[PDB]
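The structure appears right after this line, and notes come after that.
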Amino acid sequence: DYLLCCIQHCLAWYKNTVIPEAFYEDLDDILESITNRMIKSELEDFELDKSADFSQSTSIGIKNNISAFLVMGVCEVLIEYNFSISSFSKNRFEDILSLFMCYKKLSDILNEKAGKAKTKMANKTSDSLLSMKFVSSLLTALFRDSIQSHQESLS
DNA sequence: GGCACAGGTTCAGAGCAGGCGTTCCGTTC
DNA sequence: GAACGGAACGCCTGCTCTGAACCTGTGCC
C-alpha cells in the first residue's frame, strides 16, 4: 500500500517538474491494467468474506484481516491516481466509485466482524494513504466547482 | 436483548508542606 | 528576678495531585 503511495507521489512529481525514460511510460499502462483488473476482482479472487470470516483467533482470519487492510490501502492510492490523471473524464470517476464501493464493502464486512468482539480492534481506523493535499483539492472540487466542463463527472 | 463510550473510582507513586522535637527569650507574678 | 509559656529550624508522615486502566451503567440499534 505505502509502496504504491510512494510510487504514485514520486511519479506525479516526476511528470510535474522533472520533464520540464521508459520506466514511467511503462508504469502509466502498468497502473492502468492494475486499475482495470482491480475493478472486476470481486473478493473471491482474494478468497474473502464467505471462504473466510476474519477470525482474529485463526491464522487464516488473521491473514484475511491483514490482506483486507492492504487491499483497501491499494484501492485508496488508485483513487488518488485515477483522479489525478484526467481533466475530469467520467469513465475513471465511475472506476473510482466502483473501487470505493468494494472498499466500503470491505469496511462494512469488518463492521460485521467488529460488531461481535469487544471494541479493542481500533486498527480499522488505520490512517488513509491520501495526502492532505489531495483531500483539500478534492473538497475544493466537490463543493466550490460549478464549471460545466467538469460538472458532468462531479454530479 | 446486546455493545460501546463515558464517567466514576481506585490504586500506585511521588513530592512537598506543616507540625512537633529541641533550644531560648519574653512576660507576669 | 525566675519560671513557664511563646518561638524558630529540620525531618518524618501523611495527604494530595495526577495519571492510567478497569469496569459497569445507559442508551441506541
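By convention in this document, the chains of the C-alpha cells carry letters A, B, ... by their order, each chain's residues are numbered from 1, and ligands are numbered from 1 in the order they are shown.
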Per residue of chain B within 10 Å of segment 16-22 of chain C, which atom pair is closest and at what distance in Å (one decimal), using only C-alpha atoms (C1' of nucleotides), listed by chain and increasing number, as JSON lines?
{"residue": "B:9", "atom": "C1'", "partner": "C:22", "partner_atom": "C1'", "distance": 9.5}
{"residue": "B:10", "atom": "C1'", "partner": "C:22", "partner_atom": "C1'", "distance": 9.5}
{"residue": "B:11", "atom": "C1'", "partner": "C:20", "partner_atom": "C1'", "distance": 10.0}
{"residue": "B:13", "atom": "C1'", "partner": "C:18", "partner_atom": "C1'", "distance": 9.7}
{"residue": "B:14", "atom": "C1'", "partner": "C:17", "partner_atom": "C1'", "distance": 9.6}
{"residue": "B:15", "atom": "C1'", "partner": "C:17", "partner_atom": "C1'", "distance": 9.3}
{"residue": "B:16", "atom": "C1'", "partner": "C:16", "partner_atom": "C1'", "distance": 9.7}
At a cut-off of 10 Å, list the chain A residues touching chain B, using only C-alpha atoms (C1' of nucleotides), as a PyMOL selection string.
-> chain A and resi 115-119
Just write the chosen residues, C-alpha atoms, as a PDB file, in the first residue's frame.
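Written output follows (selection00.pdb):
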ATOM      1  CA  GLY A 115     -19.693  -5.730  15.749  1.00  0.00           C
ATOM      2  CA  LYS A 116     -19.299  -9.134  17.576  1.00  0.00           C
ATOM      3  CA  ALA A 117     -15.981  -8.916  19.551  1.00  0.00           C
ATOM      4  CA  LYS A 118     -15.251  -6.154  22.139  1.00  0.00           C
ATOM      5  CA  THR A 119     -14.167  -2.775  20.606  1.00  0.00           C
TER       6      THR A 119
END
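Across the structure, atom CA of residue 5 of chain A and atom CA of residue 77 of chain A are spaced 5.8 Å apart.
Coordinates place atom CA of residue 65 of chain A at a distance of 13.4 Å from atom CA of residue 103 of chain A.
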Could you jot down the atom CA of residue 34 of chain A to atom CA of residue 124 of chain A separation for me, Å, one decimal place?
-> 24.8 Å
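Within the 12 Å cut-off around residue 112 of chain A, using only C-alpha atoms (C1' of nucleotides) and omitting residues fewer than 4 positions from it on the same chain, the listed residues are residues 49, 53, 54, 55, 105, 106, 107, 108, 116 and 117 of chain A.
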For the residues selected in the previous step, produce a file with C-alpha atoms as a PDB file, in the first residue's frame.
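File again.pdb, as written:
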ATOM      1  CA  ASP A  49     -15.966 -12.799   3.337  1.00  0.00           C
ATOM      2  CA  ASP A  53     -14.653 -14.975   8.432  1.00  0.00           C
ATOM      3  CA  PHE A  54     -11.744 -12.684   9.621  1.00  0.00           C
ATOM      4  CA  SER A  55     -11.335 -14.805  12.822  1.00  0.00           C
ATOM      5  CA  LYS A 105     -17.906  -3.243   1.193  1.00  0.00           C
ATOM      6  CA  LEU A 106     -14.678  -4.390   2.948  1.00  0.00           C
ATOM      7  CA  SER A 107     -15.049  -1.737   5.716  1.00  0.00           C
ATOM      8  CA  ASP A 108     -18.689  -2.806   6.467  1.00  0.00           C
ATOM      9  CA  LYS A 116     -19.299  -9.134  17.576  1.00  0.00           C
ATOM     10  CA  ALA A 117     -15.981  -8.916  19.551  1.00  0.00           C
TER      11      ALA A 117
END
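Distances to residue 10 of chain A were evaluated for A:24, A:110, A:130, A:144 using only C-alpha atoms, and the minimum falls at A:24.
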Skip residue 150 of chain A itself and residues of its chain fewer than 5 positions away, then list as JSON, numbers by chain all residues within 8 Å of it, counting only C-alpha atoms (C1' of nucleotides).
-> {"A": [87, 88, 89]}
Include C-alpha atoms and write out the residues we just selected as a short mmCIF file (atom, residue, chain, number, x, y, z; two decimals), in the first residue's frame.
data_model
loop_
_atom_site.label_atom_id
_atom_site.label_comp_id
_atom_site.auth_asym_id
_atom_site.auth_seq_id
_atom_site.Cartn_x
_atom_site.Cartn_y
_atom_site.Cartn_z
CA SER A 87 -9.06 16.55 -16.77
CA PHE A 88 -12.27 15.10 -15.15
CA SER A 89 -13.11 12.25 -17.61
#
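Non-sequential neighbours of segment 92-99 of chain A (distance at most 7 Å, separation of 4 or more positions within a chain, only C-alpha atoms (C1' of nucleotides)) are residues 39, 75, 79, 82, 103 and 153 of chain A.
Comparing A:102, A:139, A:70, A:85 by their smallest distance to residue 11 of chain A, the closest is A:85 (using only C-alpha atoms).
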Can you work out which one of A:37, A:90, A:104, A:133 has the shortest atom-to-atom distance to residue 69 of chain A, counting only C-alpha atoms?
-> A:104
With distances taken over only C-alpha atoms, the candidate from A:122, A:141, A:101, A:147 nearest residue 76 of chain A is A:101
